[PDB]
2 protein chains.
Amino acid sequence: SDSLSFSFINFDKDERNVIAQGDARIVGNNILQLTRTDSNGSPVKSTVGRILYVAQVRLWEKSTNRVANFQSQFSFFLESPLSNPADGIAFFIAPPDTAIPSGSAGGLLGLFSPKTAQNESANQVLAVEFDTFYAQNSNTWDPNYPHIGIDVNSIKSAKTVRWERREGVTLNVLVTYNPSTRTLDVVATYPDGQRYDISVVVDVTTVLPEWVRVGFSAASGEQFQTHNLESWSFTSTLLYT
Amino acid sequence: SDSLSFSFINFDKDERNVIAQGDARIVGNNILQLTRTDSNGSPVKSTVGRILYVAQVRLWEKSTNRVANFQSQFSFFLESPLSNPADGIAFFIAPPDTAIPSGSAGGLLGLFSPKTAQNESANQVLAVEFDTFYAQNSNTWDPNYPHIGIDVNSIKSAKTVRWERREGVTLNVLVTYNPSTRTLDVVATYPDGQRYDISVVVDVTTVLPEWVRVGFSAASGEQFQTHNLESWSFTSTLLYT
Ligand SMILES: CO[C@H]1O[C@H](CO)[C@@H](O)[C@H](O[C@H]2O[C@H](CO)[C@@H](O)[C@H](O)[C@@H]2O)[C@@H]1O
Ligand SMILES: CO[C@H]1O[C@H](CO)[C@@H](O)[C@H](O[C@H]2O[C@H](CO)[C@@H](O)[C@H](O)[C@@H]2O)[C@@H]1O
Ligand SMILES: *[C@@H]1O[C@H](CO)[C@@H](O)[C@H](O)[C@H]1NC(C)=O
Ligand SMILES: *[C@@H]1O[C@H](CO)[C@@H](O)[C@H](O)[C@H]1NC(C)=O
Ligand SMILES: [Ca+2]
Ligand SMILES: [Ca+2]
Ligand SMILES: [Mn+2]
Ligand SMILES: [Mn+2]
Ligand code: NA
Ligand code: NA
Ligand code: NA
Ligand code: NA
Ligand code: NA
Ligand code: NA
């Protein structure tokens, strides 16, 4: 598998190529609703939902010293009646058998377990998070404001940028990885043009195994909001260093 | 799933995204060998092997009047000690649960059943075949020469072009479907530039279900040859009519 690409303009309730985990489901109006809702569509507490694309990605190959580039383009929106809505949505990459960890319904975003969430040697997760909940006596690892972060085997982001959450508004995101510069970059844009950029140097060959799956995760703990993925397109190609 | 693309520059023995059927196997030299060989690598009688890509393709959608384009580019070579090597290799599209039919190890190319092989209403197969065996008292449906054919729910090709088999030589093939003209085109070239073209008008929405898998099939009956797929790339995008 030297390359893979796919796109979802919207989401099909009869989709065949998506592994859904936890509370994730595709709605009648073709939106991927990651976190659980009640029967009126209102967000609920203590929920994780994730999706992965079914086909595995060859992220790198040691025998040929190849590493893949990738791009992930997606749009999402969040809704909540709360002044401190939680917890957030993330694009992520993990081993193919990745499953929702225990204790992840909350600030761990469905991605980490409490005992190991800040121990990089215990994890294999690369993620780009949109984090709306940052209370300093609880999400102690966060900066004290809403933020976009790049997470490298830890819920404490390697780097963040201050972000503004906008109730019901769709954010457009492009995540790219350049293996020649080992740079993971993120550009997020709201409809009025407000832009957010964050990037880190990261060697994926030390973070993740050779074969991975890619997808999204979201969670709510005591505070809550819906996490709605509208669309997603992904591409990856193995390249020589 | 609104688009899918993938590429195999060669074949990984540890590939994750290929469904292998029958005798198909990936060699230590990264070649997909569709038909069975003995302990010395010599081709044998009465064998079928097929592969499908794991991710399903949405080829069309009735309720929205969408139909997908597709392109499939691939290379293969055939080897045999026989004067009448058989039976051939085909790129094919079929329902996602497609399995090797009984009686298909021979001129039916792993694609059709003997009692229904020329009854279009009984089948759901679109294929581009490279057919090396054409004995008129046996493969009665074939022209009396080696040929490339487009098969629309029948082993009797809707159209063929005369072809020359070249022992051990790689043929490079591009198959494309244009939904706006309903045209399926095939262009095949040998390394010296010798070219073969064949095309048909076919409405895939009357041939195949909305979701399909794509792949290759090969078979040998009483006469035999190896069928070696070297590389394959595919793309499909679902579009409005
Ligand atoms: C009001 O909720 C805040 O205060 C509570 C009492 O101290 C905390 O338990 C609570 O933490 C949980 O919810 C948050 C927000 O969903 C989540 O990030 C965290 O991991 C816990 O699940 C929160 O700080
Ligand atoms: C010597 O093989 C030829 O003659 C036999 C007796 O007439 C046929 O049975 C035989 O047909 C089988 O093999 C061919 C070639 O592999 C295959 O195309 C066909 O479907 C049968 O399996 C062949 O004509
Ligand atoms: C971090 O994780 C490693 C690997 O699982 C473990 O051996 C180590 O004890 C952990 N360290 C801390 C400080 O928790
Ligand atoms: C062709 O197949 C159809 C559908 O399976 C069947 O009803 C019909 O009898 C067949 N026609 C033949 C064998 O001539
Ligand atoms: Ca947080
Ligand atoms: Ca034949
Ligand atoms: Mn954070
Ligand atoms: Mn034929
Ligand atoms: Na692939
Ligand atoms: Na909702
Ligand atoms: Na798959
Ligand atoms: Na995880
Ligand atoms: Na051979
Ligand atoms: Na006939």
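Chain letters run A, B, ... following the sequence lines, proteins first, then strands; residues in each count from 1. Computation of the quantities below employed the complete heavy-atom set of this structure, encompassing side-chain atoms and omitting hydrogens, waters and symmetry-equivalent molecules.
Aromatic ring orientation, B/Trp163 versus B/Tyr196: perpendicular (interplanar angle above 60°, classes split at 30° and 60°). Between B/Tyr53 and B/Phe6, the angle of the ring planes stays under 30°, which puts this pair in the parallel group of the 30/60° scheme.
Residue-level contacts of residues 207-216 of chain B with chain A, in order of numbering, are B/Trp211; threshold 4.5 Å between heavy atoms. For residues 7-20 of chain B, a heavy-atom distance under 4.5 Å to chain A picks out B/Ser7, B/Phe8, B/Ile9, B/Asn10, B/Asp12, B/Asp14, B/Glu15, B/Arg16, B/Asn17, given by residue number.
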Are A/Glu79 and A/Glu167 close enough, and set up right, to give a side-chain contact (heavy atoms from CB on, under 4.5 Å), and what steps lead you there? CA-CA 6 Å; A/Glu79 308 194 286; A/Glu167 170 70 15; 3.4 Å; yes
Please test A/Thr176 against A/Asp185 for side chain to side chain donor-acceptor pair (under 3.5 Å), starting from the C-alpha separation and ending with a verdict. CA-CA 5 Å; A/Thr176 89; A/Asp185 65 52; 2.5 Å; yes
Between A/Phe130 and A/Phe76, does the ring pair (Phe, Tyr, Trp, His ring centres under 6.0 Å) criterion hold? Intermediate values first, please. CA-CA 10 Å; A/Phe130 301 80; A/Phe76 73 85; 4.9 Å; yes
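A donor-acceptor pair is defined here as one N or O able to donate and one able to accept, closer than 3.5 Å; such a pair exists between the side chain of A/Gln21 and the backbone of A/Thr98. Panel note: side chain A/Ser1, backbone A/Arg58; no donor-acceptor pair is recorded below 3.5 Å.
The two atoms that bring B/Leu171 and B/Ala188 nearest to each other are CD2-CB, 3.7 Å, heavy atoms only.
Looking only at atom types and distance, the side chain of B/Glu230 has no donor-acceptor partner in the side chain of B/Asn30 under 3.5 Å away.
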